[PDB]
Amino acid sequence: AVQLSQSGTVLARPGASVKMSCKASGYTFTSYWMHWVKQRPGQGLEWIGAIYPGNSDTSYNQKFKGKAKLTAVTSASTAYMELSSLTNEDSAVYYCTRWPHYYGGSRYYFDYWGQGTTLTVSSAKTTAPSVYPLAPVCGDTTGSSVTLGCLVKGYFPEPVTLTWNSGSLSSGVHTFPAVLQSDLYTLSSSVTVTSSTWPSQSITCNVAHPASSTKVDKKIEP
Amino acid sequence: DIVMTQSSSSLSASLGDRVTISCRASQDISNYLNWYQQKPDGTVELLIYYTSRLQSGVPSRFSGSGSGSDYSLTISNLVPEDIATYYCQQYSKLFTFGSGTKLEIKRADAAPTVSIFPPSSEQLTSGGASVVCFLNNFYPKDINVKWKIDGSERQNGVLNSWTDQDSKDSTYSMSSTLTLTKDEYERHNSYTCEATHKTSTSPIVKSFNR
């Protein structure tokens, strides 16, 4: 029914500028207001502003005037937002949602939202990750199980697909969120199996970084 | 501009519980306040509108109330899918979203299972030395990790990452990495990561020597 499809992940260097879209369908594009909301990693929702495709009226959250510019194309039923003078504080997820035009009643809200367009502001260039096996040492055993690990370091941009033994070993796995380390992402993952299964039965780490078409397999050795 | 504030930063409850989330405006917003739900996947959903009106298709488990500057969201009985982050929104004067409040399920207390890992030979040849320490499956979420090299605490060069509550066992897990230069790592013998958690007064110690 009512559908709001947004552009894909965008990568930009500081100072630069970008323009993302939101394609609406299933309703009269010119009967609603198109709003834009921002959300940084682990942060809350912050209203940016809105525009009325019908006549082109726009309302902005003072904070964003000079950073965000809203636009629309009735002929294509698509909303556009342009962010300028990009900085690190601009890296976040941006959602588009709709709000009804006044016509009496109380049904005014953000009933439909877009899936969100991720924007990452960085100067780093495409970088394939280094994969390091984490073999256990005395003390890395608990109960009748042992813990193994894999370290993915220095890659850009996100994401990376990490599996164990081609995907067959999925339980007892802990893949942690990537974090920054010199403008490059670093990620970790642990796997816990029955102490008897290792190392009689090999355990391998599988890393894939689409951006660089890289594929690395690291077998954990004692 | 009107500021919204949800004192409730993180809420812990049990399945079947009756949970209530607060929201406060800087001024009377005349009941112009909506409630939204954001699932861990990032999906956002409209729950209640105009303070107390339940949106179509939303489980009757949800309801809103309040007036003036104080408003709140209540869930009759909590179910697995309700575990998410909730935001309130005022629309009396432009638009403003609350700070947000996340829900988490209660479970039995669990001490972290700690394991430490020395730098791989591959990374060492690259001139780098990373020491990793896993603190898996613990509860509550509050946990403190400390690194020591040859018995001396070290803060610099430590990066941490936290997973969200597990959807199966409701536990939490942490990963701490101590990155040093190959030379530094080769100057010292013992590396230790200690975990401090509600489940005990004495820290969980994991260490190794070269």
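Residue numbers begin at 1 in each chain, while the letters A, B, ... track the order of the sequences.
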Check: A/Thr71 and A/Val73 side chains under 4.5 Å, non-hydrogen atoms: no
Classify the side-chain pair B/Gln6/B/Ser99 by whether it contains a donor and acceptor separated by less than 3.5 Å. no
Please check: side-chain N/O of B/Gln165 versus main-chain N/O of B/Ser170, any donor-acceptor pairing under 3.5 Å? yes
Checking side chain to side chain donor-acceptor pair (under 3.5 Å) for the pair A/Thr163/A/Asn206: CA distance, chi angles, key distance, verdict? CA-CA 5 Å; A/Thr163 62; A/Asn206 313 288; 3.2 Å; yes
So do B/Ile149 and B/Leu180 actually touch side chain to side chain, heavy atoms under 4.5 Å? yes
Distance flag, aromatic centroids of B/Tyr36 and B/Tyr87, threshold under 6.0 Å: no
Under a 4.5 Å cut-off applied to non-hydrogen side-chain atoms, are A/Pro129 and A/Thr214 in contact? yes
Compute the centroid of each ring, for B/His197 and then for B/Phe138, and state whether the two points are separated by less than 6.0 Å. yes
Do B/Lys148 and B/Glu194 come within less than 4.5 Å of each other through their side chains, counting heavy atoms only? yes
Between B/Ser176 and B/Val158, does a side chain to side chain contact (heavy atoms under 4.5 Å, CB included) hold up when you go through it step by step? CA-CA 7 Å; B/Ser176 186; B/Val158 182; 3.6 Å; yes
Checking the side chain of B/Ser173 only, and the main-chain atoms of B/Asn137 only, is there a donor and an acceptor separated by less than 3.5 Å? yes
Pair B/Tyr49 and A/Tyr108, ring centroids less than 6.0 Å apart: no
Any donor-acceptor N or O pair under 3.5 Å, side chains B/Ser65, B/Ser52: no
Taking the six-membered ring where the residue is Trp, are the ring centres of A/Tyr109 and B/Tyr91 under 6.0 Å apart? no
Can B/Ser72 and B/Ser22 be said to form a side chain to side chain donor-acceptor pair (under 3.5 Å), step by step? CA-CA 4 Å; B/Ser72 47; B/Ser22 280; 5.4 Å; no
Give the ring-plane orientation class for A/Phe110 versus A/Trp113, where under 30° counts as parallel, over 60° as perpendicular and anything between as tilted. perpendicular
Below 6.0 angstrom between ring centroids: does that apply to A/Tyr27 and A/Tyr112? no
Might you work through the side chain to side chain contact (heavy atoms under 4.5 Å, CB included) test for B/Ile2 and B/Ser92, ending with a clear yes or no? CA-CA 9 Å; B/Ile2 297 187; B/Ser92 60; 3.5 Å; yes
Using a strict cut-off of less than 4.0 Å between a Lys/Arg side-chain nitrogen and an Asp/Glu carboxylate oxygen, indicate whether B/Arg107 and B/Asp166 qualify as a salt bridge. no
Pick from A/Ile220, A/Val193, A/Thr204: which one makes a side-chain contact (heavy atoms from CB on, under 4.5 Å) with A/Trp164? A/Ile220
Is it true that the side chains of A/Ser188 and B/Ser175 contain a donor and an acceptor less than 3.5 Å apart? yes
State, yes or no, whether a side-chain contact exists between B/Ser115 and B/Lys206 at a heavy-atom distance under 4.5 Å. no
Quick one: side chains of residues 10-22 of chain A, donor-acceptor pairs under 3.5 Å with protein atoms, not counting sequence neighbours, listed by atom name and distance.
unit_1, atom_1, unit_2, atom_2, d
A/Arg13, NE, A/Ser122, O, 3.2
A/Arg13, NH1, A/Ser123, O, 2.7
A/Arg13, NH1, A/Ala124, O, 2.5
A/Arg13, NH2, A/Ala124, O, 2.9
A/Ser17, OG, A/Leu83, O, 3.1

Indicate whether any N or O donor in one side chain lies under 3.5 Å from an N or O acceptor in the other, for A/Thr120 and A/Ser91. no
Centroid-to-centroid, B/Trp35 to B/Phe62, below 6.0 Å? no
Pair B/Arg154 + B/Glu184, salt bridge at N-O below 4.0 Å: yes
Between A/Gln3 and A/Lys23, is any pair of side-chain heavy atoms under 4.5 Å apart? no
Contact check, side chains of A/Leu4 and A/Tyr95, non-hydrogen atoms, under 4.5 Å: no
Please answer whether the main-chain N or O of A/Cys96 pairs with a side-chain N or O of A/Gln6 as donor and acceptor at a distance below 3.5 Å. yes
Could you go step by step and tell me if A/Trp47 and B/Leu94 meet the side chain to side chain contact (heavy atoms under 4.5 Å, CB included) rule? CA-CA 9 Å; A/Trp47 184 66; B/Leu94 290 178; 4.2 Å; yes
Side-chain H-bond candidate by donor/acceptor type, A/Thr192 with B/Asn136, under 3.5 Å: no
Donor-acceptor contact present, side-chain A/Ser189 to main-chain A/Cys150, <3.5 Å: no
